[PDB]
Amino acid sequence: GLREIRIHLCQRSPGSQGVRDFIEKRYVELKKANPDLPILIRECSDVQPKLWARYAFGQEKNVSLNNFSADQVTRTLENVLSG
Amino acid sequence: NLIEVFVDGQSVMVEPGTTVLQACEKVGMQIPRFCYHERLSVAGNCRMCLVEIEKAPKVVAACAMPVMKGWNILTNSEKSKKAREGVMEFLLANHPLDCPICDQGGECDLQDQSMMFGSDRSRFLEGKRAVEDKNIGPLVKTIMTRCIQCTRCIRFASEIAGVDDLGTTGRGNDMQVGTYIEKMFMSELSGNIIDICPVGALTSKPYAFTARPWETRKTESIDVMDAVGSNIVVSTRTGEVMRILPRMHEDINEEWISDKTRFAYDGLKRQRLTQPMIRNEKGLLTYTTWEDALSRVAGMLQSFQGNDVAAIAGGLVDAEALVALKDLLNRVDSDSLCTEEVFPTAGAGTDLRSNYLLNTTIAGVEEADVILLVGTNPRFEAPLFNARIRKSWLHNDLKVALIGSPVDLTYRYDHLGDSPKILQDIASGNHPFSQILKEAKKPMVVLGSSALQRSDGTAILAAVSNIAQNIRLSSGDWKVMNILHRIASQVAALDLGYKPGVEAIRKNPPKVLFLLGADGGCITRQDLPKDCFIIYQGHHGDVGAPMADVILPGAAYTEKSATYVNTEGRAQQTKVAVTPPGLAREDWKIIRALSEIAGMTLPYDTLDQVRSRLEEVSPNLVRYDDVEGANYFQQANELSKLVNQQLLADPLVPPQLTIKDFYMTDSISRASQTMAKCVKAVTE
Amino acid sequence: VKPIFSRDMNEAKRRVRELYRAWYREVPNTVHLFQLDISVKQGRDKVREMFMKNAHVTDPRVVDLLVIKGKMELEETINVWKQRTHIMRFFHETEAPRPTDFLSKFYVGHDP
Amino acid sequence: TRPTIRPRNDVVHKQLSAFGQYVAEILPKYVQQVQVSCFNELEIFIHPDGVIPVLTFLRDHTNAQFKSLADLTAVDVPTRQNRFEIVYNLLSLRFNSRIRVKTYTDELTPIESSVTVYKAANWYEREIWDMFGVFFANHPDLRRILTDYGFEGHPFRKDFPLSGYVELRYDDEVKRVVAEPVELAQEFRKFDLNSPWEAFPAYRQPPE
Amino acid sequence: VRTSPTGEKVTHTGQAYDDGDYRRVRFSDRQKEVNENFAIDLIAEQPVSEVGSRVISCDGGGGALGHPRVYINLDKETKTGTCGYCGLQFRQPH
Amino acid sequence: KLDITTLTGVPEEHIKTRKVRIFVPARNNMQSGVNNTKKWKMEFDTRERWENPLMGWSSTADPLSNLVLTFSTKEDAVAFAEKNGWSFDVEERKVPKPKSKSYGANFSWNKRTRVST
Amino acid sequence: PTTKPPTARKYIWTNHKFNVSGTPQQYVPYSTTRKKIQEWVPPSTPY
Ligand code: SF4
Ligand code: SF4
Ligand code: FES
């Protein structure tokens, strides 16, 4: 059971361009679809963008989003949501 | 259009209007001064800044003379040295021989400048003057006989503090600084006159006679009394905190600290929790070993899971402790991690950092043209922020408006009103101030965290976001939406994912409640189930501790290295100044130790590993002194419109209306005797 | 970089081997002369531990300098310059054990 | 006139400057800088390789007969890469003058021993090695003096605390004097005495 | 010099070992050295000098054998001017 | 990759468990002088200090409690820490930002900078 | 002293005491400062 999702992106790094596109376009729809799921958007520096999914009892898994297009990020988040 | 001037023959390019003293700073020479404070206005009364310009018959005051192209500043010429000696002699002619007993002794600009630029003997063969001492309050011990009429206190009170109560009475050698009447100088930044005073004429009454400057060890830290995040230097001698001094950080606090930050360290000396405590058979808390109490809470944690275990975080807790407790409760599958301050969860909430941050940084206030303050008293809630507002108002002609109860902010402001409907009026555009906001090139809107603590906080935030979006539609790099938090731990907790407000705990009463320094009292035993097991982990026993089955002694901000994030989102780390009293231990170490006993050992075993875990949860937490941030206002505003809550008709009233409220607002402040004396002073 | 005694790590290793040899054969003479109550094996085990302490070093000059220090200590022990106290200082007998697990450290004191 | 201030002797200043230029010309291979202090003291700055050549030159009469090693010491300045500054003080009895030669080294770079040239530098180099971490190559017998036989650290190094890391006491259980970690009953009180105002404008470093 | 409930002689600093404190053992067969003369009482006993000038100078007596000379302002009728070093009190007549 | 840790003789606990702070000391706000803010300083982490039972003097067991070092540049301090194997935290130098001062502004005809006294 | 008597002061001792080491009158060192940190007093009511 997903308990929260953390998305880390770099503000100006090229690798985080797709994640930034997802945030600017698709994040609002994602939050609408999952009103009470904590989707914490945070800024990371000089490191690859990552997606953190904290499940029940504290188990967490991280998937690298480096150089992922917005569609790829949407697919990754949807796969995490579906489980 | 840099012009060329020479300081002792060295070419330095300075912008026009630069003072001679500033060019001397540019080449590194520090012209001796007694009346010039860069923060304050220029006065030119000390006369120690008299320097000789080549080919100029008359010496000039470096603090007050704009440079001219081609001028050669002779900072060590015979004329300059002789002028310095004469000015020093005149200063010391009447000054009392109080150095051994003057608290300023050892850190006196008069003493050092006499040793460096003055004669080594006195030609004064007459009687010295004596001045009756004035009483200006319970904080500033005054010996006016030592005053040199540098006028720093007066100018500071007029410009920064904004309280025009200090002035010069009389003429000639009989001229005296101080209130002509028996008035008391009351302000948030009142204590800063002690720092600003070159001589020991104005000194700290609580700190008087306690210690000498050379003895003290200086530790650089960050204050936790407010969410401004003022940098401070904790002065400790022989393992005891002696005083708190401001540390310069141009972005956050220029050179000032609030009175509560400066004088509440006395609270750390009283009502301290030094040993673990467990309820006995009679129901009375008794001192116990760490192992016994930790085992008790470990058994209780093992017994229950999920919503049965919950955590409430106080205003003074640390990010390391927060993440440790968060992981511990998650290992029992509990997400009921709640702060004592309420932030609208509807919409993005904690998901987007820009939602709960002062997006326009404190330094940004200077650039702003119009500031709209909603339901907040920045003078008491965030004193340094109000000081920055006044600085911008004085220099940048900032236009300030307040929607709330009319309060004295030390600067003139437009009082739109106290009813929340004025937010709707601004958003629709019927209100005239909407036009001013639209015309404003750099508008700024600030919504205090106190207003969000009301029932209609979600509606208030939605209305303010509507105002901001209207502004954006009318006209970027600039950020117009800002939230001013009054609790230090709030920003860090929201970043780590702690649920804002205690509402979840109200919805689902927990069997085991862990109070992490929660002295607010939002949740009590009556709300909780009758057999609730309460754990309190904090430095002082104020409210949370007396209603706790187990008391785990914890360290204070002076006694631990921890990350505190200000309202701007800037993360700063405190440094250890004194060891925690008695058996008390650092909070994250306590959480990890309970994790080890309870069979769910958290991964981190050292402070660096805890910081790595913080980086995992939120990378910005470990990036110290960075306010880069990100702009997500579009998404947050879009999320806000989905719900339509209607604001209640109750007028916006800040929790703190008078300076009496400000003194005692937290456990450290309540414990302090000095703050209580100040409360008695203002009240009576 | 100018070599102290070895231009390469291998040569430093050879010198270390010589120093170890010398300490190894000296240990029983140390036990007999200083009237120490430890066994020869115990002393040689301490020698091995001390030598492995510096094993992580990956610079030839540092190895050479450590070898010089080892030679000086060995000369002291071969002579009676060091007293029985100095020789037993390697065996931290009086000092109480310092626990290394986190929970014990948390109980004992504020030290990290 | 000017009774307080120390009298200045320019003749000695000129003589020392001229002799410094003499030394600089004779051995340009090793000398890096020669300076004369205004209290009439001459210092020659030398590359580490030149300790033996330049000292031997100074001892033997190329118009210089410095045949007595006043003292040999080091100054540890951690900021510099070569944290140690080896300092030689020499006295010429024929010319009743003294000059100073200074060289640098690292913790890991040996410097040639000067026992051959002077023979008085044996104990001085031993003391430098014992206090500072400098190792002198080709020394007849490099070992510790002024420190305990089992002393581990190198004091005087600006990193070593004044109280050290170990303390000695007699223990009745083992009937022996035993070392223990230092635990001062009264912590040495560190005093911050430097004044916030500059004292000597002549030595003002460039702002950079 | 008052006596604490434990029977110890409280110091002029106010120092007395509490009944719980174990450090009282050091005086078990020995004595606690307390100076009977208290500075505060003796300085209180001194009469207040009355001087007819607004500003007066106290050297502590003995000239160079006393304390640095300071000038005290006596304008306030309510409160007597007190020497920072000597502690003697002065006031204008009437 | 220089490592003098074996040669220093420092016991391992202080080599590994101590965090050293590299910084330029802030000016003592009581004084306007800035001469004490021109050199980088290396200071070790604070440790426990307790009262001596006999006299109440503060006792310590940290050998490096009073150890402070002065470095001209940040890089030199960093290099020293690395060569000694101490974990280091570097605080960037804080410089007073340039200010615009005008004595004329105290008598502005229309601006708020006019001084009442 | 008979020719030149010492100055008479009230605080000066009237009876000189010899070295009291090894006697019940021996000086015993002790701290002259009060407790710095004050601990919280638990409430006496059960709840
Ligand atoms: S303020 Fe006056 S009396 Fe006090 S130390 Fe400075 S010069 Fe001396
Ligand atoms: S009281 Fe202090 S700050 Fe005010 S004028 Fe006098 S010397 Fe200046
Ligand atoms: S302070 Fe500069 S002229 Fe007075």
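Residues numbered from 1 in each chain as written, not as in the entry; some residues may be left out. Chains lettered and ligands numbered in written order. Part of a larger assembly, values for the part shown. Heavy atoms only, no water. Residues with missing side-chain atoms left out of burial classes, pairs and counts.

Its PDB record attributes the structure to cryo-EM, giving the resolution as 3.47 Å.

Peer 1: Looking at this model, I keep getting lost on the interface of chain F and chain D. Mind explaining?
Peer 2: The figure often quoted for interface size is the accessible area lost as the parts come together. With 34 residues of chain F in contact, the opposing surface of chain D contributes 30 residues. A total of 4 residues in the side of chain F that touches chain D trace back to one element, the largest contributor, which is helix 3 (residues 74-84) of chain F. The class makeup of the residues in the side of chain F that touches chain D is 14 nonpolar, 16 polar and 4 charged. (Contact = heavy atoms within 4.5 Å. Helix = DSSP H or I, 4+ residues; strand = E, 2+ residues; numbered from the N terminus. Nonpolar A, V, L, I, M, F, W, Y, C, P; charged D, E, K, R; others polar.)

Peer 1: What should I look at first to understand helix 3 (residues 109-117) of chain B in this one?
Peer 2: In an α-helix, one turn spans 3.6 residues, which is why side chains three or four residues apart end up on the same side. Burial in helix 3 of chain B covers these residues: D109, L110, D112, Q113, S114 and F117 of chain B. Where the residues of helix 3 of chain B are buried, they touch helix 2 (78-94) of chain B. (Buried < 20%, exposed > 50% of the residue type's maximum accessible area, 1.4 Å probe, protein only.)

Peer 1: What's the story with the environment of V62 of chain C in this structure? I'm lost.
Peer 2: Summarising the element assignment, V62 of chain C is placed in helix 3 (residues 60-78). For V62 of chain C and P3 of chain C, which are 59 residues apart along the polypeptide, the C-alpha to C-alpha distance reads 10.0 Å. Apart from the residues lying within four places of it in its own chain, the contact partners of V62 of chain C are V57 of chain C, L108 of chain D together with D3, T6 and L7 of chain F.

Peer 1: Sorry, what's going on with unusual backbone geometry here?
Peer 2: Most peptide bonds adopt trans geometry, and most residues besides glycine take a negative phi value. Residues and elements named next belong to chain B. Notably, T151 is not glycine yet its phi reads approximately 70°, a positive angle. With respect to the helices and strands, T151 occurs in the loop between strand 6 (140-142) and helix 4 (152-161). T151 sits in the buried class, given a relative accessible area of 15%. Of note, the phi angle at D397 is positive, near 55°, even though the residue is not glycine. Tracing the sequence through the fold places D397 in the loop between helix 11 (383-396) and strand 18 (399-403).

Peer 1: How should the interface of chain F and chain B be read in this particular structure?
Peer 2: Opposite the 38 residues of chain F that make contact, chain B presents 54 residues. Interface area, chain F with chain B, both sides summed: about 3800 Å², of which 42% is carbon and sulfur. On the chain F side of the interface with chain B, the three residues burying the most area are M30, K101 and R112 of chain F, jointly 23% of the side's total. Between the two partners, chain F and chain B, sit 9 salt bridges. Between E220 of chain B and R21 of chain F there is a salt bridge, and its shortest N-O distance comes to 2.7 Å. Our enumeration of links across chain F and chain B arrives at 25 residue pairs in polar contact. Among the residues forming the side of chain F that touches chain B, the class breakdown is 10 nonpolar, 14 polar and 14 charged. (Buried area = accessible area lost by both parts, 1.4 Å probe. Salt bridge = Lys/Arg side-chain N within 4 Å of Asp/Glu carboxyl O. Polar contact = N/O pair within 3.5 Å; in protein donor to acceptor, adjacent residues only side chain to side chain.)

Peer 1: What am I meant to see in the site of ligand 1 here?
Peer 2: Close to ligand 1 lie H95, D98, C99, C102, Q104, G105, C108, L110, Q111, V199 and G200 of chain B. Residues belonging to the shell around ligand 1 are distributed by class as follows: 5 nonpolar, 5 polar and 1 charged. (Near = heavy atom within 4 Å.)

Peer 1: Help me out: how do you make sense of the environment of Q31 of chain E in this one?
Peer 2: Within the secondary structure, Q31 of chain E is located in the segment before helix 1 (39-45). Among the residues examined, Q31 of chain E registers a relative accessible area of 23% and is labelled partly exposed. In sequence terms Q31 of chain E and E8 of chain E are 23 residues apart; their C-alpha atoms lie 9.6 Å from each other. The contact partners of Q31 of chain E, leaving out residues within four places of it in the chain, are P24, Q25, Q26, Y27 and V28 of chain G. Looking at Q31 of chain E, its side chain comes within polar contact range of the side chain of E33 of chain E, at 2.9 Å.

Peer 1: Would you mind showing me how to read the site of ligand 2 here?
Peer 2: Near ligand 2 the following residues occur: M144, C147, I148, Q149, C150, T151, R152, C153, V177, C197, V199 and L202 of chain B. Among the residues forming the shell around ligand 2, the class breakdown is 9 nonpolar, 2 polar and 1 charged.

Peer 1: Would you mind going over the nonpolar core with me for this structure?
Peer 2: Soluble globular proteins tend to pack their nonpolar side chains together in the buried interior. Counting 204 residues, the largest nonpolar core has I371 and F385 of chain B as its most contacted members. Aside from chain neighbours lying at most four places away, what touches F385 of chain B is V228, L358, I362, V365, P378, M444, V446 and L484 of chain B. Counting residues in each nonpolar core, the second largest holds 63 residues, with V31 and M72 of chain C together with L58 and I99 of chain D among its members. (Core = buried A, V, L, I, M, F, W, Y, C linked by side-chain atoms within 4.5 Å.)

Peer 1: Please clarify how the side chain of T76 of chain A should be interpreted in this entry.
Peer 2: Residues and elements named next belong to chain A. The residue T76 is located in helix 3 (residues 70-82) in this model. On the basis of relative accessibility, which here comes to 13%, the residue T76 falls in the buried class. The contact partners of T76, leaving out residues within four places of it in the chain, are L51, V63, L65 and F68.

Peer 1: Just checking my understanding: could you explain the sheet that holds strand 4 (residues 84-92) of chain D for this structure?
Peer 2: Two strands in a sheet stick together by hydrogen bonds in their backbones, pointing the same way (parallel) or opposite ways (antiparallel). All names here are of chain D. One open sheet accounts for 5 strands, arranged 1-2-5-4-3; its pairing is mixed. Here the strands that pair on one side only, and so sit at the sheet edges, are strand 1 (31-37) and strand 3 (66-76). Averaged over all pairs of adjacent strands, the angle between their axes in this sheet comes to 20°, without regard to strand direction. Bridge count for strand 3 against strand 4 is 9 bridges, and the pairing is antiparallel. Counterpart to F66 in the pairing with strand 4 is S92. (Pairing = 2+ DSSP bridges. Axes fitted to C-alpha atoms, helices over the stretch in contact; angles between N-to-C directions.)

Peer 1: Is there a simple way to explain the pairing of strand 23 (residues 533-538) of chain B in this structure?
Peer 2: For a regular strand, side-chain orientation follows a simple rule: the groups alternate between the two sheet faces. Residue and element names in this part refer to chain B. The element strand 23 is largely enclosed, with a buried count of 6 among its 6 residues. Covered by surrounding structure in strand 23 are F533, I535 and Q537 together with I534, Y536 and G538, the residues of both alternating faces. Note: strand 22 (residues 512-516) against strand 23, 4 bridges, orientation parallel. Within strand 23, the position partnered with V512 by the bridge is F533. Sheet topology note: the strand 23/strand 24 (residues 550-553) ladder contains 4 bridges and is parallel. Within strand 24, the residue paired with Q537 across the bridge is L552.

Peer 1: Looking at this model, I keep getting lost on the sheet that holds strand 3 (residues 50-55) of chain A. Mind explaining?
Peer 2: Read from one edge to the other, the open sheet built from 4 strands follows the order 2-1-3-4 (chain A), with strand pairing classed as mixed. Bordering the open sheet on either side are strand 2 (39-43) and strand 4 (60-64) of chain A, each of which pairs with just one other strand. Between one strand and the next, the sheet's axes are offset by a mean angle of 20°, whatever the strand orientation. Taken together, the 5 bridges between strand 1 (residues 2-9) of chain A and strand 2 of chain A define a ladder with parallel strand orientation. Residue pairing for strand 2 of chain A: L9 of chain A is matched across the bridge by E43 of chain A. Sheet contacts for helix 19 (residues 607-617) of chain B: strand 1, strand 2, strand 3 and strand 4 of chain A; angle to strand 1 of chain A, the most-contacted strand, approximately 90°.

Peer 1: Even after reading the chapter, I still don't get the side chain of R623 of chain B, so can you show me in this structure?
Peer 2: Within the secondary structure, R623 of chain B sits in the loop between helix 20 (619-622) and helix 21 (633-641). Within the local environment of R623 of chain B, its side chain forms a polar contact with the backbone oxygen of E43 of chain A, the two atoms lying 2.9 Å apart. For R623 of chain B, the contacting residues outside a window of four places in its chain are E43 and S45 of chain A together with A571 and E628 of chain B.

Peer 1: Would you mind showing me how to read a nonpolar patch on the surface here?
Peer 2: A contiguous nonpolar surface patch, about 310 Å² in accessible area, is contributed by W214 of chain B together with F191 and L193 of chain D. Residue classification places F191 of chain D among the partly exposed residues on the basis of a relative accessible area of 39%. (Patch = residues over 30% accessible without salt bridge, like charges linked within 9 Å, V, L, I, M, F, W, Y side chains within 5 Å. Areas by Shrake-Rupley, 256 points an atom, 1.4 Å probe, with all protein chains shown as cover.)

Peer 1: Explain the packing of helix 8 (residues 319-331) of chain B against helix 16 (residues 488-496) of chain B to me, please; I cannot follow it from the model alone.
Peer 2: Packed helices, taken two at a time, are described by the angle between their axes plus the distance between the axes. Residue and element names in this part refer to chain B. Between helix 8 and helix 16, the least distance of the axes is 10 Å, while the angle of their chain directions is 35°. For helix 8 against helix 16, the interelement crossing comes out right-handed. On helix 16, the residues that touch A319, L322, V323 and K326 of helix 8 are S489, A492, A493 and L496. (Left-handed = near helix turned anticlockwise from the far one by under 90°.)

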